Amino acid sequence: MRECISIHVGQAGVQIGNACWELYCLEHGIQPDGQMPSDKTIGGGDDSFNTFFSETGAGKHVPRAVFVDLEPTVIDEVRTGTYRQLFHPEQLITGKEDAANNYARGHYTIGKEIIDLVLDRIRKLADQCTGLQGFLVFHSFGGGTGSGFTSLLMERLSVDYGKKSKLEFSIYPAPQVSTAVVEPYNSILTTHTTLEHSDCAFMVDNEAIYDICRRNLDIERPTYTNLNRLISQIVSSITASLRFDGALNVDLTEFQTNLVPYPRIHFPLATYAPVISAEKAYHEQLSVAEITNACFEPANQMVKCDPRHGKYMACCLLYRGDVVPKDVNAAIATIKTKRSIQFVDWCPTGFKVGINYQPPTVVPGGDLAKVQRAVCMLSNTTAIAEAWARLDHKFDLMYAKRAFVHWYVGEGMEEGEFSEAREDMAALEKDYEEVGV
Amino acid sequence: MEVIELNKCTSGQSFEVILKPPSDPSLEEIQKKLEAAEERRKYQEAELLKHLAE
Amino acid sequence: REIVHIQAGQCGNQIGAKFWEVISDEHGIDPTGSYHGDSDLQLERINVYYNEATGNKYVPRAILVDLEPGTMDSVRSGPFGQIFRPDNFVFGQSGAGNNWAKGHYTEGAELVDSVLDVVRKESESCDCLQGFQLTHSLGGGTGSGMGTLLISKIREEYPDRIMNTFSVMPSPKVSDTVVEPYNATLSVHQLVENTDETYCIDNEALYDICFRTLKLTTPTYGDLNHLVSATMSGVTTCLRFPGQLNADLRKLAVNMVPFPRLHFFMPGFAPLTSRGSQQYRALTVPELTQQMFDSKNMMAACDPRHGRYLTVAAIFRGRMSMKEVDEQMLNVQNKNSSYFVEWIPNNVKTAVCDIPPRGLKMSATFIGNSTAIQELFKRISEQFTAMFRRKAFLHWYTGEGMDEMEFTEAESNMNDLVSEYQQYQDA
Amino acid sequence: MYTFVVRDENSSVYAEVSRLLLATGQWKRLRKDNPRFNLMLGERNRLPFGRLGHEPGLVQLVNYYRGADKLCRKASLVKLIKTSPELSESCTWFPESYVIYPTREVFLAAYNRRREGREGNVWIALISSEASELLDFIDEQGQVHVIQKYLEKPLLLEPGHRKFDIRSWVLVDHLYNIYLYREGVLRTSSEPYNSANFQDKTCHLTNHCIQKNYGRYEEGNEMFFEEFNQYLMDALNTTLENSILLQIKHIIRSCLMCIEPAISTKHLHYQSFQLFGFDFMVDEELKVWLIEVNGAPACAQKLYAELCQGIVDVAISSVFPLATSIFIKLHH
Ligand SMILES: Nc1nc2c(ncn2[C@@H]2O[C@H](COP(=O)(O)OP(=O)(O)OP(=O)(O)O)[C@@H](O)[C@H]2O)c(=O)[nH]1
Ligand SMILES: Nc1ncnc2c1ncn2[C@@H]1O[C@H](COP(=O)(O)OP(=O)(O)CP(=O)(O)O)[C@@H](O)[C@H]1O
Ligand SMILES: Nc1nc2c(ncn2[C@@H]2O[C@H](COP(=O)(O)OP(=O)(O)O)[C@@H](O)[C@H]2O)c(=O)[nH]1
Ligand SMILES: COc1ccc2c(c1)CCCN2c1nc(Cl)nc2cccnc12
Ligand SMILES: [Ca+2]
Ligand SMILES: [Mg+2]
Ligand SMILES: [Mg+2]
Ligand SMILES: [Mg+2]
């Protein structure tokens with residue numbers, strides 16, 4: 001067994017980590033106090049779930065996690081919340097004044113004053129590991145902390161852990177829920193600085209999650225709690241192979257091998273089905289064929305885009321619940337005849353399939369209905385570049401007038417970093433275009 | 006459709022289906053970047069204090 | 002995230018006291034300083050504006066400044082006057098005579114260091130000071146001249162804190178003396194350099210709202226200040242009450258100010274209400290939205306249709322459909338998109354607070370950064386030049402040691418500000 | 001009030017559709033680059049579909065189908081017909097065609137079996164019976180072009196011994212209804228067809244512009264359907280409907296039903312409609328051939344009013360309602 005450390009940066013990252021760790025505990029039978037009755041090896045072990053949980057002599061199962069925010073309000077809610085006994089105080093790191101929605105303030109001014117403390121707390125967890133695999137980093141593109149501090153942290157993790165994989169779960173900005181007008185700036189700056197330090201990044205567009213909640217959950221105005229419980233379901237689907245027995249995606253290195261044939265094009269598209277409302281009184285359980293077919297409906301994607309007008313480089317189907325391979329292949333055969341699924345010429349046209357028999361777990365009293373089978377598709381399609389196109393256009397509109405730029409220059413950043421970051425993005429779009437047509 | 010590397014366990018199974026074959045900066049460079057930006061902040065602040073002193 | 006509040010001069014202290022009355026009511030604090038409120042939301046961020054005193058009494062983090070004792074004696078006599086810390090009363094005896102030079106250079110220089118001592122004592126007790134908000138007029142002497150002197154000194158001692166002002170603009174419709182355009186132009190020059198965000202409260206607009214909309218034939222300063230206290234309560238809503246945003250002065254400045262000098266906001270309020278007259282019909286969310294964007298609800302006498310919105314912040318207060326708020330807010334942008342600069346995407350942000358202000362079940366406060374604010378600075382600039390071309394009334398200033406050149410420079414800076422606003426109105 | 005932007009100032013058709021929309025009093029036009037639009041009359045190339053359908057509180061619609069070019073580029077059309085099983089098993093209404101790059129083995133395989141059969145062996149890029168003569172043209176041009184059989188024995192209208200082509204306008208709405216405009220037009224050649232001199236310019240290429252004898256037999260070298268139908272009745276003892284239009288309708292349905300899965304916007308965050316121009320040839324046996332599909336067609340002047348109005352009725356107002373039909377719906 002090889003451990004994985006989770007790092008949650010800024011409000012978005014911290015709150016999504018709450019949701020994920022709440023879900024993980026319910027999936028592994030770990031109570032809010034850290035006790036896990038089914039674990040008969042007390043005080044230690046090298047089971048699959050030990051990838052995410054360490055063990056105390058008293059049987060406490062503690063997340064291999066660090067929470068970081070430049071301001072204390074949100075992590076304070078974890079320090080006093082239902083799972084306050086789960087985490088050791090030293091894994092919850094907070095400052096006193098946030099990055100004010102400003103990447104430069106998060107990366108340079110404030111970030112420089114707290115990076116060494118965070119690295120020491122991360123080092124404390126890594127010392128408890130017999131074979132550390134790498135890190136899973138949760139953050140927003142838009143926050144000053146989620147953008148600025150994350151990129152500084154990623155640079156240092158490359159220095160201190162050169163041999164370790166780093167995966168990202170990144171919240172892409174959507175005006176429906178966003179807070180700040182400068183999020184396109186922060187997104188471009190952090191993608192430029194982080195690109196070479198991330199092996200695989202799963203983007204989640206708050207716009208996609210918001211609409212899924214309105215359409216499929218009949219929630220008129222979803223809250224962060226609505227969005228984050230849904231996001232945690234997808235994250236759990238993605239990490240289940242690290243926490244459970246199985247042959248597919250068993251270490252962070254395999255995500256890159258299975259999903260990322262080129263290093264820079266390392267943003268797989270997540271699609272998830274079925275999302276069914278708990279409030280519905282009568283529901284007809286969806287078959288293997290129906291949920292697999294839903295993986296190719298853009299309305300179920302974590303990023304709205306049109307995969308028919310791009311090319312695939314890799315595709316994984318991650319099933320949970322009552323699924324047998326025969327039904328998967330039958331569903332794939334039907335889908336291939338009726339859908340536009342084009343692979344790049346230098347990749348085989350195929351699906352890597354993984355099935356966990358335990359049906360998805362849902363938080364009691366949450367919005368998701370219990371389903372008999374669910375699926376998360378991870379596909380690396382050039383179609384995701386639409387999100388980059390959208391973001392770079394908004395960046396271009398503002399930067400043409402240098403609007404708001406003075407807030408970044410005032411923190412020690414140079415204007416040239418904007419244009420350096422934007423040309424890297426321009427290169428990224430061109431790369432996706434070469435591979436995609 | 007060839008089914009490949011079928012692995013079964015009690016938790017589930019995994020496999021692969023093929024439809025068609027094919028057709044970093046150092047710590048010091050980082051601290052140089054962080055400190056160059058801090059110089060720029062201190063420079064901009066000294067100018068402000070100089071202007072306020074005038 | 003503490004704010005240190007400062008009120009200077011007659012107008013500064015009269016609206017400053019009204020502000021402390023209105024928000025003390027909203028947070029369930031009585032003139033005693035004791036909390037007798039109903040909801041815990043009233044106390045979650047009470048520290049932003051109040052210090053905790055002995056026996057769990059909340060003392061406003063407020064500093065009261067004047068160069069004559071009169072208005073401050075009135076504040077101490079006033080309803081909430083006993084809530085203020087006695088040590089935070091800093092006053093002279095000579096007065097400023099509606100003379101910016103007296104407030105900035107002579108009389109005010111004598112007093113400014115004692116004000117800074119009280120400011121320091123208030124700052125040193127702050128866990129993490131956000132910055133400062135100043136209430137003052139620009140047309141007098143103390144609030145205008147000494148107020149801006151205080152702002153210059155406070156920026157020297159706290160260069161990395163936010164400076165926020167509520168600045169009352171002079172108008173011949175509500176005019177105490179003919180030199181108000183001089184005082185205002187001299188002050189605007191200081192504000193352009195030393196504040197991060199300034200609410201432009203135009204006595205012209207306050208008068209017109211009282212006359213035309215409120216049906217008040219002879220408005221008093223008390224009627225004008227009713228509009229001011231309602232606007233000040235609304236625009237600080239997201240500082241004083243917990244929400245999805247957890248806003249503070251810096252985040253507001255970062256998102257509202259695309260260019261450092263263009264930081265002068267048009268505030269607006271809806272529904273417009275006169276004093277001591279209760280509206281029994283609540284406004285529908287569509288009505289709140291339409292009025293709050295109406296030029297007739299703007300506290301700065303500018304036509305929004307004569308410029309373009311760089312950024313907008315709207316706060317809705319009351320129990321209402323946030324879905325309806327989202328639809329109505331999106332409706333005004335999509336139906337009037339020409340008046341929002343296209344080069345700042347998604348530049349209108351909305352917040353909702355469940356707690357309505359006193360006397361209303363539904364309210365809407367508007368904060369606009371519009372290039373139409375140049376109309377206010379051109380108005381003052383014309384009144385200024387009409388006297389300055391003849392050097393009229395200048396002796397009041399040269400007698401305190403000022404030179405004509407300082408007037409020439411102040412006039413030039415404000416015209417530059419005007420042309421800078423014009424640059425982005427055409428972009 | 002509905003909002004729209006226009007990003008193709010050359011569009012004769014959508015120039016007229018902007019005027020109609022404004023004239024309703026319920027549509028306001030914005031600047032090209034204002035994103036808060038309901039409707040986008042977009043540019044012809046590199047239209048940014050990826051930026052559509054992301055404006056909260058705006059139903060967005062555009063007058064182009066992303067991916068429709070696969071049908072509207074000579075090279076793609078051929079590849080689409082050859083590789084799509086919905087079409088090629090026989091596909092009896094498309095001329096033999098081959099893609100050739102200038103920098128072929130399958131082309132000559134058929135050309136030489138025509139040399140063996142002494143059959144008609146005239147082809148087109161441009162027209163000649165000598166492969167080597169036109170391939171030398173292919174390589175000296177430098178861009179990709181197709182090589183398809185030239186319809187040697189066309190249907191020639193009398194008086195004139197002339198040749199023509201039929202242009203049909205078809206609108207596809209956001210729901211993928213296929214609407215064929217009832218008014219077509221014959222683009223006619225005034226020059227009598229000559230079997231011997233293919234290098235001769237104007238008699239074989241029935242393009243409107245290419246005919247700089253213009254206007255002799257009928258105005259604008261444009262014969263509309265009422266006349267052409269009367270001709271077929273007097274001349275051949277048949278109708279436009281039975282002898283030609285049934286085949287045209289079959290070809291339009293077949294082409295658009297084929298690519299429907301690739302381009303449909305049924306479950307997309309934005310919607311598309313698109314006006315197409317289908318160009319057909321009729322042989323002397325009253326058999327209809329598809330020549331090509333044009334994704335940004337222009338109309339005939341006589342018909343601009345009725346068609347641009349129908350674009351509003353069926354494709355724009357269906358989605359954005361305002362405060372006997374001129375189309376034939378082709379069902380599927
Ligand atoms: N899905 C989701 N998005 C969130 C959540 N919290 C914030 N966001 C999004 O993240 C962006 C704002 O970034 P934050 O994470 O709040 O900022 P931060 O990292 O705390 O950095 P600061 O600017 O210092 O406060 C916006 O696009 C929000 O919509 C959350 O809990 N769930
Ligand atoms: N296989 C073929 N057989 C006989 N005639 C053909 C032919 N292909 C083309 N032609 C004739 O050449 C003319 C032009 O050919 P084509 O339709 O390929 O390009 P075009 O000039 O029409 C561009 P567009 O159709 O978009 O206006 C046609 O009108 C037709 O008369
Ligand atoms: N809105 C409002 N304006 C005031 C009030 N008092 C004075 N003013 C305006 O302020 C200017 C005079 O400044 P004032 O504050 O009285 O002078 P100061 O004491 O030297 O600071 C004039 O433009 C007055 O119209 C008030 O209570 N409300
Ligand atoms: C134009 O885009 C904006 C505008 C303002 C703000 C933000 C973004 C982000 C958070 C700060 N902020 C706000 N701040 C404060 Cl105090 N009151 C507000 C009231 C309504 C909306 N917004 C704020
Ligand atoms: Ca164990
Ligand atoms: Mg934060
Ligand atoms: Mg006075
Ligand atoms: Mg053509």
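Residue numbers (the authors' numbering), protein chains in the order written: chain A, 1 to 437; chain E, 6 to 28, 44 to 74; chain B, 2 to 428; chain F, 1 to 103, 128 to 149, 161 to 247, 252 to 362, 372 to 380. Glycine included, C-beta positions come from ideal geometry on N, C-alpha and C.
Item: So B/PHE81 and B/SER25 are in contact, right, with Cβ under 8 Å, and what is the actual spacing, rounded?; Value: 6 Å
Item: Taking the straight line between their C-alpha atoms, what separation do you get for F/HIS180 and F/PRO95?; Value: 15 Å
Item: I'd like to check one pair, A/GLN91 with A/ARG121: are the Cβ atoms closer than 9 Å?; Value: yes
Item: Excluding the 5 residues flanking B/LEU192 on each side, which residues of the same chain have their C-beta closer than 6 Å to its C-beta?; Value: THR199
Item: Can you name the start and end residues of the alpha helix (DSSP H) that B/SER413 belongs to?; Value: 405 to 427
Item: Any Cβ of chain E within less than 9 Å of the Cβ of A/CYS347?; Value: yes
Item: Looking only at its chain, what residues have a beta carbon closer than 6 Å to the beta carbon of A/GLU183, apart from the 5 residues adjacent to it on each side?; Value: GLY142 and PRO173
Item: Checking the sheet assignment: what are the DSSP bridge partners for B/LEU130?; Value: B/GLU3
Item: Assign A/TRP346 to buried or exposed, taking buried as 16 or more other Cβ atoms, counted over all protein chains shown, within 10 Å of its Cβ.; Value: exposed
Item: Any residues whose CB sits closer than 5 Å to a heavy atom of ligand 5? List them in chain order?; Value: A/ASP39, A/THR41 and A/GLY45
Item: Given a cut-off of 9 Å, decide if F/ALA337 and F/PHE263 are closer than it, judged by their beta-carbon atoms.; Value: no
Item: So which residues on chain A does F/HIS196 lean against when the C-beta distance must stay under 7 Å?; Value: Within 7 Å Cβ-Cβ: nothing; F/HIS196 doesn't reach chain A, min ~46 Å.
Item: Under 6 Å, CB to any heavy atom of ligand 8. Which residues pass, going along the chain?; Value: F/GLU331 and F/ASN333
Item: Short of 9 Å Cβ to Cβ, which residues in the stretch 53 to 83 of chain A face chain E?; Value: none
Item: Three-state secondary structure (DSSP) at E/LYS62?; Value: helix
Item: State the beta-bridge partners of F/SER356 as determined by DSSP.; Value: Answer is none; F/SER356 lacks a bridge partner.
Item: Can you grab the Cα-Cα spacing for the pair A/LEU318 / A/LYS166, in whole Å?; Value: 21 Å
Item: Pull up the distance between the alpha-carbon of B/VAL258 and that of E/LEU54, whole angstroms please.; Value: 26 Å
Item: Note down, in chain order, all residues in the stretch 324 to 346 of chain A with a beta-carbon under 7 Å from any beta-carbon belonging to chain E.; Value: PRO325, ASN329, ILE332, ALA333, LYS336, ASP345 and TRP346
Item: Counting Cβ pairs, one atom from each stretch, are 3 or more of them under 8 Å apart for the stretch 261 to 276 of chain B and the stretch 295 to 305 of chain B?; Value: yes
Item: In chain B, what lies closer than 7 Å to A/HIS28 by C-beta?; Value: None at all; the shortest Cβ gap to chain B is about 32 Å.
Item: Please list, in chain order, the chain B residues whose beta carbon lies closer than 8 Å to that of E/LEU72.; Value: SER153, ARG156 and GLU157
Item: Leaving aside the five residues before and after residue 115 of chain F along the sequence, list all residues of the same chain whose C-beta is less than 7 Å from its C-beta, in chain order.; Value: One cannot assign coordinates to residue 115 of chain F, given that chain F in this structure leaps from 103 to 128.
Item: What residue from A/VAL177, A/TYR24 and A/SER170 has the CA that sits closest to A/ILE188's CA?; Value: A/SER170
Item: Is DSSP giving A/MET1 helix, strand or coil here?; Value: coil
Item: Using the beta-carbon of each residue, which ones in chain E are nearer than 8 Å to B/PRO160?; Value: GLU65, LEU68 and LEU69
Item: What is the rounded straight-line gap between the Cα of F/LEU346 and the Cα of A/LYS430?; Value: 40 Å
Item: Take every Cβ of the stretch 417 to 425 of chain A, pair it with every Cβ of the stretch 333 to 347 of chain A, and state whether three or more of those distances are shorter than 8 Å.; Value: no
Item: A/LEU23 bridges to which residues according to DSSP?; Value: For A/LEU23, which the question treats as bridged, DSSP gives no partner whatsoever.
Item: Within the same chain, show all residues whose beta-carbon is closer than 6 Å to that of A/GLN128, passing over the 5 residues directly before and after it, in chain order.; Value: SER54
Item: Between the beta-carbon of F/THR223 and the beta-carbon of F/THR241, is there less than 9 Å?; Value: yes
Item: Is there contact here, the stretch 109 to 128 of chain B with the stretch 141 to 156 of chain B, by at least three beta-carbon pairs under 8 Å?; Value: yes
Item: Whole angstroms are fine: how far does the CA of A/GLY412 sit from the CA of residue 32 of chain E?; Value: The residue list of chain E ends a segment at 28 and starts the next at 44, so residue 32 of chain E has no coordinates to report.
Item: If you check the beta carbons only, do F/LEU77 and F/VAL332 fall under 9 Å apart?; Value: yes
Item: Can you list, in chain order, the residues of its chain with a C-beta nearer than 6 Å to that of A/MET313? Leave out the 5 residues immediately preceding and following it.; Value: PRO261, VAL344, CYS347 and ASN380
Item: Closer than 7 Å by C-beta to F/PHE131: which residues in its own chain qualify, once you throw out the five before and the five after it? Chain order, please.; Value: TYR98, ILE100 and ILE182
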